[PDB]
Each structure stands twice: as C-alpha cells, then as structure tokens.
C-alpha cells in the first residue's frame, strides 16, 4: 500500500556502507528521476548520480563546516543523487522538449505540435520575461522531482534522506555546474539504513489535519 509506504519511510540518519543497490535498482532510480512530471514537461534539470567512493567523496566535500553532520550519510550511502536545476531557460532546451515529444509520437497532427509549442512558450516567457523568475520556477520543478523520488525509492524498499544541509557553492564548483548551466539544490543519499539509524524507530510527526487542511 502506497499509504503504508508514506507512513513508514523516514529520513535515514545512518547508512550501512556495505549494502549497495542492485544493478536493477540502480537502473530503476534513474528511471524515477527521468520520468518525474514538470510544468509543460520542461524537465529543467540535471542529476549527478555518485556511486563510486571518490564520486561520493567529492559530493561529501559540500558537507563542510556546520554541515559535517551530513558527511557520513553522503559517504556511506550506496548511490548519492545531486538534484540540479538549470540556471536559465533557453530556447534550445524548449525546442528539445517539443521535438522529443514529436519524436515520441505524442502529436497526431502538426496543429497538435504547434499548440503544445505555443503553450510551453507562454509559460516559459511569463517566467523568463514577465516575472523574471525562471530560475525559481525551474528550482520548484526540481523539488517536485525530489518529492516524486523520495516516495519512489521508499516504495522500492530503499532508504534515503533529502539534504539541504550542504554548501551548494562548493558542490557547484566541485562538479563545474555553473559553466554547464546548472546549480545544485538537494542531495539525496540512497541505500539501506543500519541498526544505528536512530530515526528508523522514532515515530513520524506531522501537524494535525484540522490545522493543515480546509475542506469545502
């Protein structure tokens, strides 16, 4: 039951460094990242999937200073995903999305493709020109991806922990993201928790529905 997964998954505070994702699981988590929905299917993202020791160690460099409490999670997990958002929405990217959809057979007529292009351009320009907030708009799509991902890995029986406790500037520099047109937002170590994960047995806590929900 997906609801049971929701009530059972937790933020892993300690991973068993000897437990690696299987080849099939490694392929599956990439599928999750790739198929997350997004506004106008803009997929304004890039993902770094570190599974080698040096790769994870390079990501771990961002858990410096006060963020050191997140270093072990990045080092011990099997696969560490760095969720990145594009820094600017370029026409090239927008054309790539519609051309991919065309190549994937989503348009039965030329009019169908044009309508799709028209709609994406409307949203893209509203953010790039009118509101001048495409950077924030894209980052929002990436967090949506993170949300999709966390529930997904949980449903796969894998453990993970979403991390904002890292120096993005350091991480960006380490992987030359700036030059590539991206910036790091969330780091997500994925693997299996050890019996040492104190958060694995603590009850989950959320504010009451009477407070967060309004029915009408």
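We call the rigid core the largest set of C-alpha positions that still match within 1.5 Å between the two forms. Numbering follows the first chain given and starts at 1.
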item	value
Of 113-121 and 93-101, which departs more from this form in 5 other deposited structures of this protein by CA RMS after core fitting	113-121
Greater root mean square CA deviation, 104-112 compared with 81-89 in 5 other deposited structures of this protein, core aligned	104-112
Residue range whose averaged C-alpha B-factor is higher in the record, 92-100 or 79-87	92-100
Mean C-alpha temperature factor, higher of 183-191 and 165-173	165-173
Entry-reported Cα temperature factor of residue 146, expressed as the chain third it lands in	lowest
Residue 139 - Cα temperature factor, lowest/middle/highest third of chain	lowest
Residue 63 - Cα temperature factor, lowest/middle/highest third of chain	highest
Ranked C-alpha temperature factor of residue 22 among modelled chain residues, by third	middle
Chain-relative CA temperature factor third for residue 199	middle
